[PDB]
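start36.cif follows; it contains mmCIF, C-alpha atoms and all ligand atoms.
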```cif
data_data
#
loop_
_atom_site.group_PDB
_atom_site.id
_atom_site.type_symbol
_atom_site.label_atom_id
_atom_site.label_comp_id
_atom_site.auth_asym_id
_atom_site.auth_seq_id
_atom_site.Cartn_x
_atom_site.Cartn_y
_atom_site.Cartn_z
ATOM 1 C CA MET A 1 80.590 76.990 91.776
ATOM 2 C CA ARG A 2 78.086 74.464 93.086
ATOM 3 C CA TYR A 3 77.202 74.043 96.761
ATOM 4 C CA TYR A 4 77.113 70.261 96.618
ATOM 5 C CA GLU A 5 79.569 67.990 94.837
ATOM 6 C CA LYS A 6 79.300 64.221 94.523
ATOM 7 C CA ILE A 7 82.285 61.896 94.489
ATOM 8 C CA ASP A 8 82.085 58.306 93.248
ATOM 9 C CA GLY A 9 84.304 56.366 95.634
ATOM 10 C CA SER A 10 84.485 53.346 93.329
ATOM 11 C CA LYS A 11 86.826 55.413 91.166
ATOM 12 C CA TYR A 12 89.656 55.242 93.706
ATOM 13 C CA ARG A 13 91.452 52.662 95.813
ATOM 14 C CA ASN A 14 91.860 54.305 99.225
ATOM 15 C CA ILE A 15 90.094 57.461 100.377
ATOM 16 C CA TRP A 16 91.064 59.617 103.360
ATOM 17 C CA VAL A 17 89.688 62.773 104.975
ATOM 18 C CA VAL A 18 91.977 65.286 106.694
ATOM 19 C CA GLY A 19 91.117 67.964 109.261
ATOM 20 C CA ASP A 20 91.991 71.688 109.221
ATOM 21 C CA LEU A 21 95.411 72.199 107.628
ATOM 22 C CA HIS A 22 96.149 75.899 108.220
ATOM 23 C CA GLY A 23 99.435 75.889 106.320
ATOM 24 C CA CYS A 24 100.660 72.600 107.785
ATOM 25 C CA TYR A 25 101.830 71.320 104.383
ATOM 26 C CA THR A 26 104.998 69.498 105.452
ATOM 27 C CA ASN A 27 103.036 67.761 108.226
ATOM 28 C CA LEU A 28 100.505 66.530 105.632
ATOM 29 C CA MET A 29 103.028 65.327 103.067
ATOM 30 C CA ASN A 30 104.886 63.262 105.667
ATOM 31 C CA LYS A 31 101.617 61.684 106.798
ATOM 32 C CA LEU A 32 100.591 60.719 103.262
ATOM 33 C CA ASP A 33 104.055 59.266 102.768
ATOM 34 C CA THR A 34 103.710 57.409 106.069
ATOM 35 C CA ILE A 35 100.317 55.899 105.229
ATOM 36 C CA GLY A 36 101.439 54.833 101.764
ATOM 37 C CA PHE A 37 99.154 57.259 99.968
ATOM 38 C CA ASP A 38 99.427 56.882 96.184
ATOM 39 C CA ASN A 39 98.163 59.973 94.349
ATOM 40 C CA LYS A 40 97.735 57.899 91.207
ATOM 41 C CA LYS A 41 95.208 55.644 92.927
ATOM 42 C CA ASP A 42 93.997 57.196 96.185
ATOM 43 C CA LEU A 43 91.918 60.262 97.014
ATOM 44 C CA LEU A 44 92.271 62.824 99.813
ATOM 45 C CA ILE A 45 89.226 64.821 100.921
ATOM 46 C CA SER A 46 89.716 68.010 102.958
ATOM 47 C CA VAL A 47 87.319 69.762 105.338
ATOM 48 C CA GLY A 48 88.756 73.134 104.370
ATOM 49 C CA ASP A 49 90.658 75.831 106.293
ATOM 50 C CA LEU A 50 93.773 75.279 104.214
ATOM 51 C CA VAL A 51 95.280 78.667 105.047
ATOM 52 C CA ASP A 52 95.949 81.214 107.817
ATOM 53 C CA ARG A 53 97.856 81.110 111.130
ATOM 54 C CA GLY A 54 100.223 78.447 109.782
ATOM 55 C CA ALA A 55 103.467 78.677 107.804
ATOM 56 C CA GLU A 56 103.089 76.963 104.398
ATOM 57 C CA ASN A 57 99.850 78.586 103.234
ATOM 58 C CA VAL A 58 100.471 78.829 99.496
ATOM 59 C CA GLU A 59 101.669 75.218 99.445
ATOM 60 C CA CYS A 60 98.479 74.056 101.156
ATOM 61 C CA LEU A 61 96.125 76.211 99.088
ATOM 62 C CA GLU A 62 97.769 74.893 95.932
ATOM 63 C CA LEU A 63 96.623 71.353 96.789
ATOM 64 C CA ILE A 64 93.222 72.225 95.332
ATOM 65 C CA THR A 65 94.800 72.151 91.878
ATOM 66 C CA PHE A 66 95.599 68.445 92.220
ATOM 67 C CA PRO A 67 93.086 65.788 91.039
ATOM 68 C CA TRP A 68 93.743 63.590 94.074
ATOM 69 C CA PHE A 69 92.902 66.445 96.484
ATOM 70 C CA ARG A 70 89.215 67.214 96.930
ATOM 71 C CA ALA A 71 88.365 69.980 99.363
ATOM 72 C CA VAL A 72 85.322 71.756 100.613
ATOM 73 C CA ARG A 73 85.784 75.472 101.394
ATOM 74 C CA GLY A 74 86.274 76.521 105.013
ATOM 75 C CA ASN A 75 85.433 79.836 106.682
ATOM 76 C CA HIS A 76 89.073 80.838 106.248
ATOM 77 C CA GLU A 77 88.917 80.324 102.474
ATOM 78 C CA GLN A 78 85.787 82.479 102.481
ATOM 79 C CA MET A 79 87.451 85.256 104.499
ATOM 80 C CA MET A 80 90.414 85.198 102.124
ATOM 81 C CA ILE A 81 88.155 85.310 99.070
ATOM 82 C CA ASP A 82 85.972 88.111 100.472
ATOM 83 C CA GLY A 83 89.046 89.965 101.651
ATOM 84 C CA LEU A 84 90.673 89.890 98.232
ATOM 85 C CA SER A 85 87.382 90.714 96.507
ATOM 86 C CA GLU A 86 87.241 94.038 94.661
ATOM 87 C CA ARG A 87 84.807 95.388 97.269
ATOM 88 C CA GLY A 88 86.010 93.228 100.148
ATOM 89 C CA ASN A 89 87.322 94.100 103.596
ATOM 90 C CA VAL A 90 90.462 92.312 104.818
ATOM 91 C CA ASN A 91 89.822 93.268 108.471
ATOM 92 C CA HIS A 92 88.130 90.014 109.428
ATOM 93 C CA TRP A 93 90.676 87.979 107.490
ATOM 94 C CA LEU A 94 93.654 89.696 109.149
ATOM 95 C CA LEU A 95 92.006 89.131 112.550
ATOM 96 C CA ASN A 96 92.049 85.424 111.745
ATOM 97 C CA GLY A 97 95.649 84.955 110.624
ATOM 98 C CA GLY A 98 95.503 86.132 107.013
ATOM 99 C CA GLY A 99 98.650 88.221 107.409
ATOM 100 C CA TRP A 100 100.782 85.649 105.570
ATOM 101 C CA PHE A 101 99.324 86.909 102.273
ATOM 102 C CA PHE A 102 100.775 90.400 102.744
ATOM 103 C CA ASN A 103 104.148 88.881 103.605
ATOM 104 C CA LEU A 104 104.671 86.930 100.359
ATOM 105 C CA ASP A 105 107.284 87.660 97.719
ATOM 106 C CA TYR A 106 106.008 89.347 94.534
ATOM 107 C CA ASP A 107 105.983 86.078 92.602
ATOM 108 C CA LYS A 108 104.067 84.194 95.285
ATOM 109 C CA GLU A 109 101.559 86.987 95.848
ATOM 110 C CA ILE A 110 100.482 86.645 92.217
ATOM 111 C CA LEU A 111 100.266 82.865 92.541
ATOM 112 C CA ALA A 112 98.320 83.205 95.807
ATOM 113 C CA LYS A 113 95.886 85.595 94.155
ATOM 114 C CA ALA A 114 95.218 83.163 91.288
ATOM 115 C CA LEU A 115 94.755 80.271 93.731
ATOM 116 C CA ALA A 116 92.286 82.301 95.775
ATOM 117 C CA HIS A 117 90.226 82.656 92.613
ATOM 118 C CA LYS A 118 90.216 78.872 92.210
ATOM 119 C CA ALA A 119 89.275 78.460 95.869
ATOM 120 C CA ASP A 120 86.075 80.354 95.065
ATOM 121 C CA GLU A 121 85.190 77.366 92.865
ATOM 122 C CA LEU A 122 85.243 75.033 95.870
ATOM 123 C CA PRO A 123 81.951 73.428 96.974
ATOM 124 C CA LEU A 124 80.449 73.821 100.444
ATOM 125 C CA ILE A 125 79.479 70.175 100.770
ATOM 126 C CA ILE A 126 80.933 66.919 99.482
ATOM 127 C CA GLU A 127 78.886 63.727 99.171
ATOM 128 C CA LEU A 128 81.030 60.616 98.941
ATOM 129 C CA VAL A 129 79.438 57.283 98.106
ATOM 130 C CA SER A 130 81.569 54.339 99.163
ATOM 131 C CA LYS A 131 80.511 50.689 99.195
ATOM 132 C CA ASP A 132 76.802 51.451 99.609
ATOM 133 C CA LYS A 133 77.811 53.898 102.352
ATOM 134 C CA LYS A 134 77.217 57.651 102.110
ATOM 135 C CA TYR A 135 79.553 60.193 103.711
ATOM 136 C CA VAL A 136 78.900 63.943 103.886
ATOM 137 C CA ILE A 137 81.790 66.380 104.395
ATOM 138 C CA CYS A 138 81.320 70.036 105.453
ATOM 139 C CA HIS A 139 83.732 72.405 107.175
ATOM 140 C CA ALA A 140 81.705 73.222 110.302
ATOM 141 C CA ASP A 141 78.282 71.612 110.020
ATOM 142 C CA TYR A 142 75.275 70.608 107.920
ATOM 143 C CA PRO A 143 72.560 72.833 109.493
ATOM 144 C CA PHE A 144 69.674 70.378 108.973
ATOM 145 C CA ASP A 145 68.136 67.439 110.839
ATOM 146 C CA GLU A 146 67.950 65.739 107.456
ATOM 147 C CA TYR A 147 70.486 65.755 104.640
ATOM 148 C CA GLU A 148 69.358 66.173 101.037
ATOM 149 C CA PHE A 149 71.663 66.677 98.063
ATOM 150 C CA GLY A 150 71.071 70.088 96.490
ATOM 151 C CA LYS A 151 69.008 71.426 99.393
ATOM 152 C CA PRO A 152 69.690 75.193 99.492
ATOM 153 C CA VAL A 153 71.538 76.338 102.603
ATOM 154 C CA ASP A 154 73.141 79.419 104.157
ATOM 155 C CA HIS A 155 76.854 79.008 103.487
ATOM 156 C CA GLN A 156 77.642 80.951 106.661
ATOM 157 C CA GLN A 157 76.085 78.180 108.759
ATOM 158 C CA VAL A 158 77.884 75.397 106.883
ATOM 159 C CA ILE A 159 81.270 77.016 107.550
ATOM 160 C CA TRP A 160 80.838 78.913 110.855
ATOM 161 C CA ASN A 161 78.216 77.194 113.003
ATOM 162 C CA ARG A 162 79.361 75.526 116.223
ATOM 163 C CA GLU A 163 75.897 75.135 117.732
ATOM 164 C CA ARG A 164 75.633 71.419 116.950
ATOM 165 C CA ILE A 165 79.003 70.319 118.337
ATOM 166 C CA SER A 166 78.260 72.602 121.276
ATOM 167 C CA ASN A 167 75.040 70.779 122.191
ATOM 168 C CA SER A 168 76.654 67.399 121.574
ATOM 169 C CA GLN A 169 79.251 68.297 124.185
ATOM 170 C CA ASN A 170 76.491 69.405 126.550
ATOM 171 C CA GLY A 171 74.819 66.012 126.293
ATOM 172 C CA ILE A 172 72.290 66.994 123.626
ATOM 173 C CA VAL A 173 73.121 64.491 120.896
ATOM 174 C CA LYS A 174 71.107 63.758 117.756
ATOM 175 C CA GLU A 175 71.656 61.912 114.486
ATOM 176 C CA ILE A 176 71.378 63.521 111.048
ATOM 177 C CA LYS A 177 69.167 61.574 108.640
ATOM 178 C CA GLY A 178 70.061 61.324 104.966
ATOM 179 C CA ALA A 179 73.557 59.858 105.070
ATOM 180 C CA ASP A 180 75.632 57.331 106.973
ATOM 181 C CA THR A 181 78.407 59.501 108.392
ATOM 182 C CA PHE A 182 79.087 63.235 108.577
ATOM 183 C CA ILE A 183 82.653 64.543 108.857
ATOM 184 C CA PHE A 184 83.548 68.068 109.971
ATOM 185 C CA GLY A 185 86.531 70.120 111.099
ATOM 186 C CA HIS A 186 86.473 73.773 112.202
ATOM 187 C CA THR A 187 86.158 73.118 115.959
ATOM 188 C CA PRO A 188 89.483 71.933 117.477
ATOM 189 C CA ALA A 189 89.661 69.150 120.069
ATOM 190 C CA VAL A 190 92.478 67.170 121.683
ATOM 191 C CA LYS A 191 91.243 63.969 120.025
ATOM 192 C CA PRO A 192 88.822 63.223 117.170
ATOM 193 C CA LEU A 193 85.254 63.288 118.491
ATOM 194 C CA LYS A 194 82.090 61.477 117.468
ATOM 195 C CA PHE A 195 78.494 62.187 118.454
ATOM 196 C CA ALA A 196 75.735 60.122 116.842
ATOM 197 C CA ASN A 197 76.747 59.862 113.190
ATOM 198 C CA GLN A 198 78.897 62.996 113.226
ATOM 199 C CA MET A 199 82.691 63.017 113.338
ATOM 200 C CA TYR A 200 85.021 65.907 114.165
ATOM 201 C CA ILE A 201 88.630 65.608 113.011
ATOM 202 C CA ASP A 202 90.157 69.017 113.679
ATOM 203 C CA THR A 203 92.862 68.211 116.237
ATOM 204 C CA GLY A 204 94.557 71.609 115.955
ATOM 205 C CA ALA A 205 97.507 70.767 113.711
ATOM 206 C CA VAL A 206 98.585 74.415 113.401
ATOM 207 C CA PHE A 207 98.580 74.761 117.207
ATOM 208 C CA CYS A 208 100.352 71.567 118.320
ATOM 209 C CA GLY A 209 101.235 69.577 115.207
ATOM 210 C CA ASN A 210 98.627 66.832 115.548
ATOM 211 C CA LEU A 211 97.020 66.537 112.110
ATOM 212 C CA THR A 212 94.427 63.797 111.787
ATOM 213 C CA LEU A 213 93.613 61.812 108.640
ATOM 214 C CA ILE A 214 90.839 59.207 108.713
ATOM 215 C CA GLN A 215 90.552 56.468 106.101
ATOM 216 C CA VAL A 216 87.000 56.079 104.776
ATOM 217 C CA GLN A 217 87.680 53.475 102.087
ATOM 218 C CA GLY A 218 90.100 50.693 101.201
ATOM 219 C CA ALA A 219 92.646 48.985 103.452
HETATM 220 HG HG HG A 301 96.331 70.815 119.238
HETATM 221 MN MN MN A 302 90.311 75.953 111.334
HETATM 222 MN MN MN A 303 87.110 77.048 110.501
#
```

Have the structure of the file written as structure tokens, please.
Ligand SMILES: [Hg+2]
Ligand SMILES: [Mn+2]
Ligand SMILES: [Mn+2]
Amino acid sequence: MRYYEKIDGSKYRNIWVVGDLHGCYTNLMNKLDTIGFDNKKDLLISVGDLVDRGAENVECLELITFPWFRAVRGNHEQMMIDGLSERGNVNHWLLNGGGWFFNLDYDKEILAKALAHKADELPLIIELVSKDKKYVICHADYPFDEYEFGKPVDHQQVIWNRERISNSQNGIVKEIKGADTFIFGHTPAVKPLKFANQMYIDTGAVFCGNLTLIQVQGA
């Protein structure tokens, strides 16, 4: 897989970005239906964390097989992948809601295992160019003051770090050069937040049912 992945927005009509799903498949589908999403024209970008804690995990993970669904891996996808790895330890994954995997029927377990393999092909960062506007999507954060396509980075920081949102909430706010807007999930909040040119759209759908989707193009 490649850390960065570029998406040419001019190839789609409307483009949306959704926060952490954690098995909230039905919630998502109803939203798309409600916003008039057309999978033959529009594009949905995901911040990752498609599985764990929630109920419809396989259904959510499977979305990565659809052309209209473009996701970046979250720390939960990583824990699942490492956990299922030949020399991996499931401990961490089970301590984060991965139990659903060991509760699947035989058929689904096989499907889940194949989908986990595909999840390991997911990028860590997505660069979306839309109308001369550049949007960067990562699960938790882009650990640099300046963004640069292809710049090597520690994946752990991209998917686990909460230091930036933490300072932003403590008053310490700073912009990230290199792109117009940054969109992350990972850290839940009652309402979508925005500090400088950074947006946080994880409104804890698995916890309360509030799943947020922001439109970044069209309409
Ligand atoms: Hg919530
Ligand atoms: Mn999450
Ligand atoms: Mn997360």

Extending 3 Å beyond the listed atoms of region 190-203 of chain A on each side, what axis-aligned box results? I want centre and edge lengths in Å to one decimal, as lines of an AutoDock Vina configuration file.
```
center_x = 84.3
center_y = 64.4
center_z = 117.3
size_x = 23.1
size_y = 15.2
size_z = 14.7
```

Find, counting all atoms listed in the file, the residue in A:183, A:21, A:173, A:193 that gets nearest to residue 50 (chain A).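 Using all atoms listed in the file, the shortest distance to residue 50 (chain A) belongs to A:21.
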
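Minimum atom-to-atom distances from A:34, A:26, A:170, A:78 to residue 54 (chain A) were compared using only C-alpha atoms, and the lowest value belongs to A:26.
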
- Name every residue that the PyMOL selection byres (((chain A and resi 3) around 8) and not hetatm) selects in this structure, writing the answer as a list in words with chains first and numbers rising.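 The output of the PyMOL selection byres (((chain A and resi 3) around 8) and not hetatm) on this file is residues 1, 2, 4, 5, 123, 124, 125 and 150 of chain A.
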
Ligand MN 303 (chain A) proximity check over A:138, A:196, A:179, A:81, using only C-alpha atoms and all ligand atoms: winner is A:138

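Considering the residues A:143, A:218, A:188, A:99 and counting all atoms listed in the file, residue 14 (chain A) has its shortest atom-to-atom contact with A:218.
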
Between region 70-97 of chain A and region 129-137 of chain A, at 12 Å or less, what are the per-residue closest atom pairs and their distances in Å? Count only C-alpha atoms, order by chain and rising residue number, and return it as a tab-separated table.
```
residue	atom	partner	partner_atom	distance
A:70	CA	A:137	CA	10.6
A:71	CA	A:137	CA	9.0
A:72	CA	A:137	CA	7.5
A:73	CA	A:137	CA	10.4
A:74	CA	A:137	CA	11.1
```

Save out the residues we just selected, C-alpha atoms, as a JSON list (two decimals), keeping the file's coordinate frame.
```
[["chain", "number", "residue", "atom", "x", "y", "z"],
["A", 70, "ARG", "CA", 89.22, 67.21, 96.93],
["A", 71, "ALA", "CA", 88.36, 69.98, 99.36],
["A", 72, "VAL", "CA", 85.32, 71.76, 100.61],
["A", 73, "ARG", "CA", 85.78, 75.47, 101.39],
["A", 74, "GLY", "CA", 86.27, 76.52, 105.01]]
```

What does the list of residues within 10 Å of ligand HG 301 (chain A) look like if you count all atoms listed in the file, written as a ChimeraX atom specification? /A:188-191,202-211

**Request:** Could you give me, as JSON, numbers by chain, the residues within 8 Å of region 56-61 of chain A, counting only C-alpha atoms and dropping anything in the same chain fewer than 6 positions from it?
**Result:** {"A": [21, 22, 23, 24, 25, 26, 50, 100, 108, 112, 115, 116, 119]}

*Which protein, DNA or RNA residues have an atom within 8 Å of ligand MN 303 (chain A), counting all atoms listed in the file, as an MDAnalysis selection string?*
chainID A and resid 20 48:49 74:76 139:140 159:160 185:187

In Å and to one decimal, CA of residue 28 (chain A) is distant from CA of residue 110 (chain A) by 24.2 Å

> With all atoms listed in the file as the basis for distance, which of A:109, A:52, A:127, A:82 is at the shortest distance from ligand MN 302 (chain A)?
Replying inline: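 So, comparing all the options, the nearest one is A:52.
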
* Using all atoms listed in the file, pick whichever of A:10, A:197, A:46, A:157 has the shortest atom-to-atom distance to ligand MN 302 (chain A). =>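 Counting all atoms listed in the file, the residue closest to ligand MN 302 (chain A) is A:46.
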